[PDB]
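Here are the chains, one letter per residue:
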Amino acid sequence: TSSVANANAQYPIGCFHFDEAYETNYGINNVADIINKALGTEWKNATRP
Amino acid sequence: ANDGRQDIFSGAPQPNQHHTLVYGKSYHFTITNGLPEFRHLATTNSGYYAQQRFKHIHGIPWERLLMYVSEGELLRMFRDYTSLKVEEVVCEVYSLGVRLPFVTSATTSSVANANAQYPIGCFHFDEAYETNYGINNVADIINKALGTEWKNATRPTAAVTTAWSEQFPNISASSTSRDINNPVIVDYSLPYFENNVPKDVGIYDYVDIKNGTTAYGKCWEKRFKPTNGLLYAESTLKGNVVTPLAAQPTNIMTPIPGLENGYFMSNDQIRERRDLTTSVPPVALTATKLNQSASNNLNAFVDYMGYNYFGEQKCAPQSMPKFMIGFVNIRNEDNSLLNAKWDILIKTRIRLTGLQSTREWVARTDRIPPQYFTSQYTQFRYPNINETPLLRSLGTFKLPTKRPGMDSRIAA
Amino acid sequence: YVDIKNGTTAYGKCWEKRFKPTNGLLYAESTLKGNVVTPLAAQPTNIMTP
């Protein structure tokens, strides 16, 4: 029963940009996934059963 | 100039009465998280709808008159005037914090952590998609707002002293924190066999988020000055609740503006009188109070009740904005929902205007004087004045063009 | 109801008509019908607002 209840850990976050100095790339499925979740798939029965 | 031709006496009637009422209440409610859920709804007349309920977005029924006035005050103001109009309604929401447990315990859990910075916001996508509340959900919020009596106003045969008890069958939220659950539901009509459907509402395109931890105090305030705050109006000569007409229509008739075209917003489409074959379509006739039942009055809405002014276009105005507030769900590492409890305080204020048409009507009975001759109020009801008028859907529906959903409880 | 010109000397631009339609609506879609063939499936209910 874990719970992410602590928001006062002062975790460091940042904007990385070393993509301007070294070869970089993303995983094909990783990006594909982000986009499928962005669009999401339909669940409404546009066409009546 | 006083040539014995000037008036000696000049009469004039008494004025109409114009009273202004001001009421208000304060409540303490608590609401909680909830993941979104969906289903498909089938209804009579082959109705089919795609529904999406946001269990983390709750709506304050500020459209309900009982949120400002108690049942007692409502009863009185409903019998005292010829017509009663809502001038303005105000609803303030104060946040007392969004808490949750430091550690989830299946048994002795405690909402002791108020520093989780849970995102909260004011949602308003009710202006872009069909929305509605659950009938019992709203009914519940109001029962907890009013609360049921526990004092023995009428002494028991044995008026003996009883033991202290925290078990209030239903204490008002005006005396203590009380839980309420009124998830907003978004409908996606599917009237055809093959429908054109939109992508689920993007709630993040209709929200103003605040930090649940630092937002302590006044957060939101909504005001509304109804165009047609007509709660009721009497313009008929019917001096009873039981009597039916005795005379049938004659040949005497004079053309009046009317301003009622017989067009309705039947769910997703516009329909003309002749096509509403399932239920009998209302018609804008001379208004009455003796049409509404006692229970109907209790469910009075502040924006529109079916009554209109003689010179205005007989129709429903755009319903007041829904007052929806809620969380912006945070999820745990296993993607489960991070539960939280939100304590809020609500202040409600309302100003109404009562009229008593006593100028052209000197009554010799307690019967309220009707706005009969000089002008007449009108309401959507049926030629049979005793038939239930066009009622307001308790589910607080928002139909296309942003108008309040209404029922025609008269079967055809 | 006529404005006459000399057919021989009137060589060039003669008339120009302009029109800004009040209702130039060629078409508009406001229904949920997502097909050209499908008919309604649901009949009118008791839900109706003026």
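Residues numbered from 1 in each chain as written, not as in the entry; some residues may be left out. Chains lettered and ligands numbered in written order. Part of a larger assembly, values for the part shown. Heavy atoms only, no water.

Listed as the method for this PDB entry is X-ray crystallography; the listed resolution is 3.1000 Å.

Participant: Tell me about the overall build of chain B, residues and numbers included.
Facilitator: Each helix and strand counted, chain B has three helices and 22 strands in total. If one aligns the C-alpha atoms of chain B with their principal axes, the spans along those axes are about 95 × 65 × 55 Å. Put simply, chain B has 412 residues, and 47% of those count as buried. Residue pairs at least 24 apart in sequence account for 82% of intrachain contacts in chain B once pairs closer than 6 positions are excluded. If you sum the accessible surface of chain B, you get close to 21300 Å²; carbon and sulfur atoms cover 54% of it. Treating the 41 positive side-chain charges of chain B as one cloud and the 37 negative ones as another, the clouds have centres 4 Å apart. (Helix = DSSP H or I, 4+ residues; strand = E, 2+ residues; numbered from the N terminus. Buried < 20%, exposed > 50% of the residue type's maximum accessible area, 1.4 Å probe, protein only. Contact = heavy atoms within 4.5 Å. Areas by Shrake-Rupley, 256 points an atom, 1.4 Å probe, with all protein chains shown as cover. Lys, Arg positive; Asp, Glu negative; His and termini not counted. Charge placed at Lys NZ, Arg CZ, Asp CG, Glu CD.)

Participant: Which residues make up empty space enclosed by the protein, and what values do they have?
Facilitator: Summed over all chains, the structure comprises three cavities of 30 Å³ or more. Within this model, the largest cavity holds a volume of roughly 110 Å³. Looking at the largest cavity, it is lined by 16 residues, and the ones nearest its centre are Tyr49, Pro191, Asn267 and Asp268 of chain B together with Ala42 of chain C. Secondary structure elements with two or more residues in the lining of the largest cavity: β3 (47-60) and β13 (269-272) of chain B. Top element by residues in the lining of the largest cavity is β3 of chain B. It accounts for three residues. Here the lining of the largest cavity is composed, by residue class, of seven nonpolar, seven polar and two charged. Every residue lining the second largest cavity is listed: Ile31, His58, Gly59, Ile60, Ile141, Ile180, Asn182, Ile325 and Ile344 of chain B. The greatest single-element share of the lining of the second largest cavity, amounting to three residues, is contributed by β3 of chain B. Of the residues that constitute the lining of the second largest cavity, the class distribution is six nonpolar, three polar and no charged. (1 Å grid on protein atoms, 1.4 Å probe; cavity = no way out; pocket = protein on both sides within 12 Å on 5 of 7 lines; lining within 4 Å. Points joined across faces, edges and corners; volume = space filled by probe spheres on them. Nonpolar A, V, L, I, M, F, W, Y, C, P; charged D, E, K, R; others polar.)

Participant: Describe in detail the interface of chain C and chain B, supporting the description with residues and values.
Facilitator: Taken together, the contact between chain C and chain B spans 18 residues of the former and 38 residues of the latter. Carbon and sulfur atoms supply 62% of the area that chain C and chain B bury against each other, a total of about 2600 Å² over both sides. Between the two partners, chain C and chain B, sit 13 residue pairs in polar contact. (Buried area = accessible area lost by both parts, 1.4 Å probe. Polar contact = N/O pair within 3.5 Å; in protein donor to acceptor, adjacent residues only side chain to side chain.)

Participant: Summarise the layout of surface pockets; cite the residues concerned and give the values.
Facilitator: Residue and element names in this part refer to chain B. There is about 1200 Å³ of room inside the largest pocket. As for the largest pocket, its lining consists of 31 residues, and the residues nearest its centre are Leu245, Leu285, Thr286, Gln376 and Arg381. Here the lining of the largest pocket gets four residues from one element, more than from any other, and that element is strand β14 (residues 283-286).

Participant: A description of the packing of aromatic side chains should follow, citing residues and the corresponding values.
Facilitator: Taken as a whole and assessed by the stated rule, the structure comprises 16 aromatic pairs over all chains. Note on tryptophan 62 of chain B and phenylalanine 224 of chain B: the rings are 6.5 Å apart at their centroids and 70 degrees apart in plane angle, and the pair reads as edge-to-face. Within this pair, whereas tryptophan 62 of chain B is found in the loop between β3 and α1 (71-77), its partner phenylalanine 224 of chain B is found in strand β10 (residues 217-224), the two being separated by 162 residues in sequence. In this structure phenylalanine 224 of chain B comes out as buried when scored by relative accessible area, which is 17%. Here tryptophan 62 of chain B falls in the buried class, since its relative accessible area comes to 2%. Put simply, the rings of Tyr118, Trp220, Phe327 and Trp342 of chain B touch in pairs and so form one group of aromatic residues. Lying across the ring of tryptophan 43 of chain A, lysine 44 of chain A places its NZ or CZ 5.1 Å from the centre. (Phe/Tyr/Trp six-rings, centres within 6.5 Å; stacked < 30°, edge-to-face > 60°. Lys NZ or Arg CZ within 6 Å of the ring centre and 35° of its normal.)

Participant: Would you mind going over a nonpolar patch on the surface in detail, with residue names and values included?
Facilitator: Residues and elements named next belong to chain A. On the surface, a cluster of nonpolar side chains totalling about 570 Å² of accessible area is made up of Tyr26, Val31, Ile34, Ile35 and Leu39. By the secondary structure assignment, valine 31 is in helix α1 (residues 28-39). Accessibility expressed as a relative area gives 33% for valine 31, which makes it partly exposed. (Patch = residues over 30% accessible without salt bridge, like charges linked within 9 Å, V, L, I, M, F, W, Y side chains within 5 Å. Salt bridge = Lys/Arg side-chain N within 4 Å of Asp/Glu carboxyl O.)

Participant: Would you mind going over the pairing of strand β17 (residues 341-356) of chain B in detail, with residue names and values included?
Facilitator: Bridge count between strand β1 (residues 17-32) of chain B and β17 of chain B: 16 bridges; the pairing is antiparallel. Note on β17 of chain B: the bridge partner recorded for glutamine 17 of chain B is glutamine 356 of chain B. (Pairing = 2+ DSSP bridges.)

Participant: Outline unusual backbone geometry, supporting the account with residue identities and numerical values.
Facilitator: Its identity as a non-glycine residue notwithstanding, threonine 396 of chain B has a phi of 45 degrees, on the positive side. Looking at the element boundaries, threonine 396 of chain B is found in the loop between β19 (391-392) and β20 (398-399).

Participant: Please set out helix α2 (residues 135-146) of chain B residue by residue, giving values where relevant.
Facilitator: All names here are of chain B. In this model α2 runs 17 Å from its N-terminal to its C-terminal C-alpha over 12 residues, within 8% of the 16 Å that 1.5 Å per residue would give. Listed in full, the buried residues belonging to α2 are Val138, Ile141, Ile142, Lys144 and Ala145. The arc that holds every buried residue of α2, seen down its axis, measures 165 degrees, which confines them to one face. (Expected span 1.5 Å × (residues − 1). Arc of directions from axis to C-beta.)

Participant: Pulling in residues and values, what's your account of the pattern of salt bridges?
Facilitator: Residue and element names in this part refer to chain B. Scanning all chains against the criterion turns up 27 salt bridges over all chains. With a closest N to O distance of 3.4 Å, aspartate 126 and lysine 398 form a salt bridge. You can see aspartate 126 sitting in the loop between β5 (119-123) and β6 (130-132) and its partner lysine 398 sitting in strand β20, a full 272 residues away along the chain. No difference in accessibility class separates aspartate 126 from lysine 398, as the two residues are buried. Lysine 402 is the partner of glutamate 127 in a salt bridge, and the nearest nitrogen-oxygen pair spans 2.8 Å. In this pair, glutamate 127 is assigned in the loop between β5 and β6 and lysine 402 in the loop between β20 and β21 (403-404), connecting sequence segments 275 residues apart. Here the salt bridges do not stand alone but share partners, grouping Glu88, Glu92, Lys218, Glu221, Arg223, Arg349 and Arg351 into one network.

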